[PDB]
Structure formats: C-alpha cells, structure tokens
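What's in data13.pdb: PDB, C-alpha atoms (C1' of nucleotides) and all ligand atoms
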```pdb
ATOM      1  CA  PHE C   1     -19.228 -10.237  62.325
ATOM      2  CA  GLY C   2     -21.068  -8.144  59.780
ATOM      3  CA  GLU C   3     -19.981  -6.577  56.526
ATOM      4  CA  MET C   4     -18.643  -3.344  58.011
ATOM      5  CA  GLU C   5     -16.376  -5.290  60.363
ATOM      6  CA  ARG C   6     -15.213  -7.278  57.342
ATOM      7  CA  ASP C   7     -14.360  -4.010  55.579
ATOM      8  CA  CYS C   8     -12.455  -2.776  58.630
ATOM      9  CA  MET C   9     -10.472  -6.024  58.706
ATOM     10  CA  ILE C  10      -9.725  -5.604  54.999
ATOM     11  CA  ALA C  11      -8.515  -2.060  55.657
ATOM     12  CA  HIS C  12      -6.190  -3.335  58.379
ATOM     13  CA  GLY C  13      -4.850  -5.872  55.884
ATOM     14  CA  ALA C  14      -5.220  -8.877  58.206
ATOM     15  CA  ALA C  15      -6.253 -11.641  55.821
ATOM     16  CA  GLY C  16      -5.456 -14.471  58.229
ATOM     17  CA  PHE C  17      -7.675 -13.108  60.990
ATOM     18  CA  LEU C  18     -10.530 -12.623  58.526
ATOM     19  CA  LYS C  19     -10.206 -16.171  57.197
ATOM     20  CA  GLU C  20     -10.083 -17.577  60.726
ATOM     21  CA  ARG C  21     -13.113 -15.571  61.847
ATOM     22  CA  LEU C  22     -15.208 -16.631  58.889
ATOM     23  CA  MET C  23     -14.113 -20.291  58.796
ATOM     24  CA  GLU C  24     -12.676 -21.694  62.037
ATOM     25  CA  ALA C  25     -14.763 -19.578  64.431
ATOM     26  CA  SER C  26     -17.859 -20.332  62.337
ATOM     27  CA  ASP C  27     -19.304 -22.837  59.841
ATOM     28  CA  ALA C  28     -16.300 -24.667  58.456
ATOM     29  CA  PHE C  29     -16.970 -27.678  56.258
ATOM     30  CA  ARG C  30     -15.152 -30.187  54.064
ATOM     31  CA  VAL C  31     -16.427 -31.291  50.651
ATOM     32  CA  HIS C  32     -15.079 -33.352  47.768
ATOM     33  CA  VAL C  33     -15.176 -32.122  44.169
ATOM     34  CA  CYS C  34     -14.629 -34.084  40.981
ATOM     35  CA  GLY C  35     -11.531 -33.024  39.100
ATOM     36  CA  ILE C  36     -13.406 -33.222  35.788
ATOM     37  CA  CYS C  37     -17.027 -32.144  36.181
ATOM     38  CA  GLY C  38     -16.103 -29.729  38.964
ATOM     39  CA  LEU C  39     -19.328 -30.438  40.859
ATOM     40  CA  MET C  40     -19.784 -31.528  44.466
ATOM     41  CA  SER C  41     -21.250 -34.856  43.365
ATOM     42  CA  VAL C  42     -18.463 -37.102  44.656
ATOM     43  CA  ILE C  43     -19.889 -39.945  46.745
ATOM     44  CA  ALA C  44     -17.093 -40.143  49.306
ATOM     45  CA  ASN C  45     -16.938 -42.947  51.875
ATOM     46  CA  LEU C  46     -14.071 -42.137  54.219
ATOM     47  CA  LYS C  47     -14.095 -45.356  56.255
ATOM     48  CA  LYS C  48     -13.928 -47.597  53.172
ATOM     49  CA  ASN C  49     -11.463 -45.191  51.485
TER
ATOM     50  CA  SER L   1     -70.805 -18.217  67.792
ATOM     51  CA  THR L   2     -67.151 -19.063  67.156
ATOM     52  CA  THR L   3     -66.831 -16.646  64.220
ATOM     53  CA  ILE L   4     -67.134 -13.326  66.057
ATOM     54  CA  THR L   5     -65.451 -14.655  69.199
ATOM     55  CA  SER L   6     -62.356 -15.942  67.407
ATOM     56  CA  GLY L   7     -62.126 -12.911  65.136
ATOM     57  CA  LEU L   8     -62.242 -10.401  67.977
ATOM     58  CA  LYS L   9     -59.888 -12.432  70.158
ATOM     59  CA  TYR L  10     -57.355 -12.885  67.353
ATOM     60  CA  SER L  11     -57.354  -9.223  66.364
ATOM     61  CA  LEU L  12     -56.956  -8.081  69.961
ATOM     62  CA  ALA L  13     -54.312 -10.699  70.776
ATOM     63  CA  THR L  14     -52.044 -10.200  67.770
ATOM     64  CA  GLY L  15     -52.753  -6.576  66.862
ATOM     65  CA  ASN L  16     -53.518  -7.310  63.210
ATOM     66  CA  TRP L  17     -56.746  -5.394  62.617
ATOM     67  CA  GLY L  18     -58.585  -7.603  60.167
ATOM     68  CA  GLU L  19     -59.552 -11.147  59.329
ATOM     69  CA  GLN L  20     -57.140 -13.916  60.253
ATOM     70  CA  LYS L  21     -56.702 -15.182  56.686
ATOM     71  CA  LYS L  22     -55.988 -11.626  55.466
ATOM     72  CA  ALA L  23     -53.160 -10.940  57.917
ATOM     73  CA  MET L  24     -51.083  -9.422  55.132
ATOM     74  CA  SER L  25     -52.205  -5.926  54.064
ATOM     75  CA  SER L  26     -53.935  -5.475  57.441
ATOM     76  CA  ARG L  27     -53.012  -2.650  59.788
ATOM     77  CA  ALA L  28     -50.661  -4.134  62.384
ATOM     78  CA  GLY L  29     -49.678  -2.907  65.822
ATOM     79  CA  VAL L  30     -53.126  -1.599  66.764
ATOM     80  CA  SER L  31     -53.186  -3.698  69.949
ATOM     81  CA  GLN L  32     -50.104  -3.807  72.165
ATOM     82  CA  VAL L  33     -49.104  -5.341  75.479
ATOM     83  CA  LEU L  34     -49.658  -2.852  78.280
ATOM     84  CA  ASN L  35     -46.399  -1.468  79.660
ATOM     85  CA  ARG L  36     -46.378  -2.085  83.411
ATOM     86  CA  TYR L  37     -42.790  -1.186  84.256
ATOM     87  CA  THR L  38     -43.929   1.774  86.356
ATOM     88  CA  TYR L  39     -47.121   3.722  86.937
ATOM     89  CA  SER L  40     -46.127   6.643  84.719
ATOM     90  CA  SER L  41     -45.279   4.277  81.864
ATOM     91  CA  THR L  42     -48.731   2.696  82.059
ATOM     92  CA  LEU L  43     -50.396   6.110  82.099
ATOM     93  CA  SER L  44     -48.350   7.199  79.085
ATOM     94  CA  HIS L  45     -49.155   4.004  77.188
ATOM     95  CA  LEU L  46     -52.886   4.406  77.756
ATOM     96  CA  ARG L  47     -52.821   7.855  76.107
ATOM     97  CA  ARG L  48     -50.781   7.135  72.975
ATOM     98  CA  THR L  49     -51.672   7.811  69.339
ATOM     99  CA  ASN L  50     -50.160   6.427  66.145
ATOM    100  CA  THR L  51     -49.889   7.741  62.594
ATOM    101  CA  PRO L  52     -50.031   4.792  60.155
ATOM    102  CA  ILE L  53     -47.855   6.317  57.443
ATOM    103  CA  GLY L  54     -45.259   3.570  57.858
ATOM    104  CA  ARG L  55     -41.622   3.593  56.768
ATOM    105  CA  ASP L  56     -41.871   3.226  52.984
ATOM    106  CA  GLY L  57     -42.089   6.601  51.273
ATOM    107  CA  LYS L  58     -41.146   8.517  54.408
ATOM    108  CA  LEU L  59     -40.981  12.305  54.506
ATOM    109  CA  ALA L  60     -39.978  14.861  57.119
ATOM    110  CA  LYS L  61     -43.220  16.870  57.038
ATOM    111  CA  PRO L  62     -45.473  14.270  58.750
ATOM    112  CA  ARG L  63     -42.866  13.794  61.491
ATOM    113  CA  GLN L  64     -42.527  17.501  62.278
ATOM    114  CA  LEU L  65     -44.114  19.283  65.227
ATOM    115  CA  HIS L  66     -46.697  21.590  63.685
ATOM    116  CA  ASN L  67     -48.050  24.869  65.019
ATOM    117  CA  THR L  68     -51.549  23.408  65.334
ATOM    118  CA  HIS L  69     -50.284  20.708  67.715
ATOM    119  CA  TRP L  70     -50.214  23.316  70.498
ATOM    120  CA  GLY L  71     -52.222  22.201  73.503
ATOM    121  CA  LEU L  72     -53.408  18.922  71.965
ATOM    122  CA  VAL L  73     -50.266  16.750  71.879
ATOM    123  CA  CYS L  74     -47.090  16.796  73.927
ATOM    124  CA  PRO L  75     -44.269  18.778  72.276
ATOM    125  CA  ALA L  76     -41.571  16.845  74.141
ATOM    126  CA  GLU L  77     -42.633  13.187  74.251
ATOM    127  CA  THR L  78     -41.893  11.127  71.138
ATOM    128  CA  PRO L  79     -39.951   7.906  70.499
ATOM    129  CA  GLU L  80     -36.523   7.611  68.927
ATOM    130  CA  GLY L  81     -35.536   6.100  65.609
ATOM    131  CA  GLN L  82     -38.076   4.985  63.034
ATOM    132  CA  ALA L  83     -41.234   6.096  64.851
ATOM    133  CA  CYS L  84     -39.997   9.564  65.844
ATOM    134  CA  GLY L  85     -42.754  12.113  65.339
ATOM    135  CA  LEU L  86     -45.253   9.555  64.073
ATOM    136  CA  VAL L  87     -46.183   8.431  67.603
ATOM    137  CA  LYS L  88     -47.868  11.168  69.624
ATOM    138  CA  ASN L  89     -49.099  11.543  73.189
ATOM    139  CA  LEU L  90     -52.181  13.511  74.170
ATOM    140  CA  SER L  91     -51.668  16.614  76.258
ATOM    141  CA  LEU L  92     -52.730  16.497  79.857
ATOM    142  CA  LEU L  93     -56.062  18.313  79.319
ATOM    143  CA  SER L  94     -56.952  16.969  75.866
ATOM    144  CA  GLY L  95     -60.038  15.003  74.945
ATOM    145  CA  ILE L  96     -61.529  13.215  71.956
ATOM    146  CA  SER L  97     -65.021  14.023  70.727
ATOM    147  CA  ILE L  98     -67.530  11.198  71.079
TER
ATOM    148  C1'  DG X   1     -41.278  -1.954  35.076
ATOM    149  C1'  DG X   2     -37.902  -2.952  38.418
ATOM    150  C1'  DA X   3     -35.129  -2.494  42.518
ATOM    151  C1'  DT X   4     -33.714  -0.777  46.932
ATOM    152  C1'  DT X   5     -33.853   2.330  51.035
ATOM    153  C1'  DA X   6     -27.391   2.332  58.253
ATOM    154  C1'  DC X   7     -25.245  -1.031  61.933
ATOM    155  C1'  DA X   8     -25.667  -3.883  66.177
ATOM    156  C1'  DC X   9     -28.261  -5.625  70.400
ATOM    157  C1'  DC X  10     -32.428  -7.005  73.906
ATOM    158  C1'  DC X  11     -37.018  -8.900  75.275
ATOM    159  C1'  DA X  12     -41.963 -10.587  74.892
ATOM    160  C1'  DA X  13     -46.103 -12.633  72.598
ATOM    161  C1'  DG X  14     -49.138 -15.448  69.118
ATOM    162  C1'  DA X  15     -49.417 -19.054  65.325
ATOM    163  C1'  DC X  16     -47.892 -23.375  63.261
ATOM    164  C1'  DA X  17     -53.135 -29.425  58.394
ATOM    165  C1'  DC X  18     -57.930 -29.684  60.242
ATOM    166  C1'  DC X  19     -61.474 -32.908  59.320
ATOM    167  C1'  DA X  20     -65.333 -35.586  57.938
ATOM    168  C1'  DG X  21     -67.092 -39.360  55.862
ATOM    169  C1'  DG X  22     -66.869 -43.724  54.090
ATOM    170  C1'  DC X  23     -64.761 -48.388  54.866
ATOM    171  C1'  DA X  24     -63.312 -52.641  58.388
ATOM    172  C1'  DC X  25     -62.830 -55.642  62.646
ATOM    173  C1'  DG X  26     -64.699 -57.175  66.532
ATOM    174  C1'  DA X  27     -68.378 -57.718  69.816
ATOM    175  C1'  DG X  28     -72.534 -58.345  72.189
ATOM    176  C1'  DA X  29     -77.601 -58.303  73.653
ATOM    177  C1'  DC X  30     -81.924 -59.208  73.530
ATOM    178  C1'  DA X  31     -84.795 -62.002  71.397
ATOM    179  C1'  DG X  32     -85.566 -66.853  68.849
ATOM    180  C1'  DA X  33     -86.683 -71.508  70.014
ATOM    181  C1'  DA X  34     -86.390 -76.270  71.529
ATOM    182  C1'  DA X  35     -87.334 -78.555  75.791
TER
ATOM    183  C1'   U N   1     -20.709 -53.368  95.381
ATOM    184  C1'   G N   2     -25.083 -50.322  93.421
ATOM    185  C1'   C N   3     -23.240 -46.687  90.182
ATOM    186  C1'   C N   4     -24.315 -40.459  86.225
ATOM    187  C1'   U N   5     -27.584 -37.267  81.240
ATOM    188  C1'   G N   6     -25.930 -32.956  77.559
ATOM    189  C1'   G N   7     -30.179 -32.221  73.483
ATOM    190  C1'   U N   8     -33.193 -27.714  71.701
ATOM    191  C1'   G N   9     -38.339 -25.010  66.962
ATOM    192  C1'   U N  10     -39.427 -21.875  63.352
ATOM    193  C1'   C N  11     -41.969 -17.864  61.258
ATOM    194  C1'   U N  12     -44.156 -13.218  61.992
ATOM    195  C1'   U N  13     -44.995  -8.949  64.984
ATOM    196  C1'   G N  14     -44.316  -5.412  68.710
ATOM    197  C1'   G N  15     -41.751  -2.608  72.130
ATOM    198  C1'   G N  16     -37.024  -1.066  73.414
ATOM    199  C1'   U N  17     -31.261   0.057  73.829
ATOM    200  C1'   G N  18     -26.361   2.578  71.582
ATOM    201  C1'   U N  19     -24.801   5.602  67.651
TER
ATOM    202  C1'  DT P   1     -89.100 -70.780  82.886
ATOM    203  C1'  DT P   2     -83.930 -73.039  81.497
ATOM    204  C1'  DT P   3     -80.600 -73.184  78.094
ATOM    205  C1'  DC P   4     -77.982 -72.739  73.563
ATOM    206  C1'  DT P   5     -77.505 -69.138  70.374
ATOM    207  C1'  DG P   6     -78.206 -65.906  66.290
ATOM    208  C1'  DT P   7     -77.345 -62.030  63.760
ATOM    209  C1'  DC P   8     -77.651 -57.620  63.223
ATOM    210  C1'  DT P   9     -76.541 -53.328  65.715
ATOM    211  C1'  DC P  10     -72.731 -51.117  67.311
ATOM    212  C1'  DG P  11     -68.094 -49.662  69.727
ATOM    213  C1'  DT P  12     -63.503 -49.128  68.279
ATOM    214  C1'  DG P  13     -60.714 -48.193  64.429
ATOM    215  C1'  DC P  14     -58.965 -46.163  60.275
ATOM    216  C1'  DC P  15     -58.189 -44.604  55.365
ATOM    217  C1'  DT P  16     -57.748 -40.839  52.774
ATOM    218  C1'  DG P  17     -59.207 -37.130  50.409
ATOM    219  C1'  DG P  18     -61.987 -32.203  50.741
ATOM    220  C1'  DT P  19     -60.939 -27.736  51.750
ATOM    221  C1'  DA P  20     -43.928   4.380  49.197
ATOM    222  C1'  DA P  21     -40.956   6.750  47.763
ATOM    223  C1'  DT P  22     -37.132   7.677  43.854
ATOM    224  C1'  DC P  23     -34.357   6.338  40.245
ATOM    225  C1'  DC P  24     -32.616   4.451  35.796
TER
HETATM  226 ZN    ZN W   1     -17.324 -35.572  37.961
END
```
Transcribe the structure of this file into structure tokens.
Ligand SMILES: [Zn+2]
Amino acid sequence: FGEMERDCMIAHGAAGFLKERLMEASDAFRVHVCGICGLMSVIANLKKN
Amino acid sequence: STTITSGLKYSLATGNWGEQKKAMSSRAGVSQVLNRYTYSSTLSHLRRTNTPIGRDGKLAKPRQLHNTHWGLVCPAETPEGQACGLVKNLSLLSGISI
DNA sequence: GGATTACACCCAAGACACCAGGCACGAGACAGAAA
RNA sequence: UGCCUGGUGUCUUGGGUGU
DNA sequence: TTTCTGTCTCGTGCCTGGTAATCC
C-alpha cells in the first residue's frame, strides 16, 4: 500500500480506512511511555501488573 | 590450480566480470542464464549485444537508432523500459571480425 | 560538495568466517628385563 | 484403547510483466 | 622364550587468534 495509494486515500478523505490499513492490517504494536521523560523506557510487566 | 579455476567459474556463474573480492565496480550482467523458453528465444539470446552505459547519466542519443545501424543490428528488436535501445541484436547476416 | 533521479508485480540463480597452529587428554606398542 | 505437527533466511544480481 | 610393563609416540581433541547526470 505505497505512497501514491496513501495520497489517493487522503484525497478521498477516508482517514479511518487509512488508519486501519496501516495499523490493523499491518504491523500494529503496543508500547508504554513514561509520562515524564517521554521515552519508551518503561519496564512493563503485564502479568505482575 | 584453484586460483584460475575459481576465478573463471565465479565470473561465469555470477556474471560479475572481475575478481571475487572486487565485486563492486566490476561490470555485471556479462554472463546470463540461457533462455530456453522456445527455440527462437534461445537463438535471439545467443546473438545479443549490450551497451554498458548504465542508468546513471542517461541520455536519449545512445538509445536512438542511428543511420549507421542499417544492416548490422535489428531495427525492430529491443527491450522495453530501462534497457530500451541499449540492448541490440545482430542482423541475420552480420558477423564480427576475428 | 551534496543529493536525488515513476509505480507495482513475477521468477531464477549465486554467496553467506575460514583456518592453522599451538596446547591437552588419553592411549598403546614395541621393546626392556627379570626369570 | 493406541491416538495428530504448523515453523521459515538474508543480501546481491539478472531477466521479465502492466502503465 | 614367557610374562609384567614402561614411556614416549601418537590419535583424538580443542583453543583461539591470523587474515552520471544536473542542480543549488
Ligand atoms: Zn521516564
């Protein structure tokens, strides 16, 4: 889904379809960020909460 | 005896015309896999010539069909896209001096 | 001097740390030697 | 009672296909 | 020659480092 297709989707005005194509139908990921430093250095352990 | 043997075999196998450790800056594509889809394709492949001007710094003049090409290369047969005009096929009565 | 020169798709083919040389463990054979 | 499997290199290069 | 054996070579093993345009 190259850049020209992205431009066509922008021209159509469909932001939801573009977001879904580039996230859900592709590499979606979840990260944790510190609310102070703003870096992705949070050592998150989901099972221990 | 391994030096010459490996050098020749590598250059013929990969098409890079040079030493193995100098693969960069060597003329690539000299040796190609023979096209055996049909008899005419094999015959055409065995009589093909290449102009190593590349893609960088391209110009229309090398790709054109010149007046002096008459009788020595085919006016009709040339690839499409990047290599158009740069790849030529010998005419059906042409030869190369020895 | 630096930076950049259309988009997408298919297939095939050849290369990818090798090595050599110095250090250790175990073994065994053919020759020593008493009888 | 003898009991069922999803896991697929990379980098180059070449030749092609549709505009 | 019979028998216990030595001890130094040697097979198997391994560590680890050398070695082309144009344009601003
Ligand atoms: Zn923080």
Query - Straight-line distance linking atom CA of residue 6 of chain C with atom CA of residue 81 of chain L, stated in Å to one decimal - result: 25.7 Å
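The result of the PyMOL selection byres (((chain L and resi 78) around 12) and not hetatm) on the shown file is residues 44, 45, 48, 49, 50, 63, 64, 65, 73, 74, 75, 76, 77, 79, 80, 81, 82, 83, 84, 85, 86, 87, 88, 89 and 90 of chain L.
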Requested in this report: Do me a favour and pick out the residues of chain X within 12 Å of chain C, using only C-alpha atoms (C1' of nucleotides), as JSON, numbers by chain.
Outcome: {"X": [6, 7, 8]}
Query - Contact residues around segment 2-4 of chain P with only C-alpha atoms (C1' of nucleotides) at 10 Å, ignoring same-chain residues under 3 positions, as a list in words - result: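 Near segment 2-4 of chain P, the qualifying residues are residues 33, 34 and 35 of chain X.
Taking all atoms listed in the file into account, ligand ZN 1 (chain W) has within 10 Å the residues residues 33, 34, 35, 36, 37, 38, 39, 40, 41 and 42 of chain C.
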Requested in this report: Using only C-alpha atoms (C1' of nucleotides), select each residue of chain L with any atom at most 10 Å away from an atom of chain P, and give the selection as a ChimeraX atom specification.
Outcome: /L:53-59
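Interatomic distance, atom CA of residue 16 of chain C against atom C1' of residue 9 of chain X: 27.3 Å.
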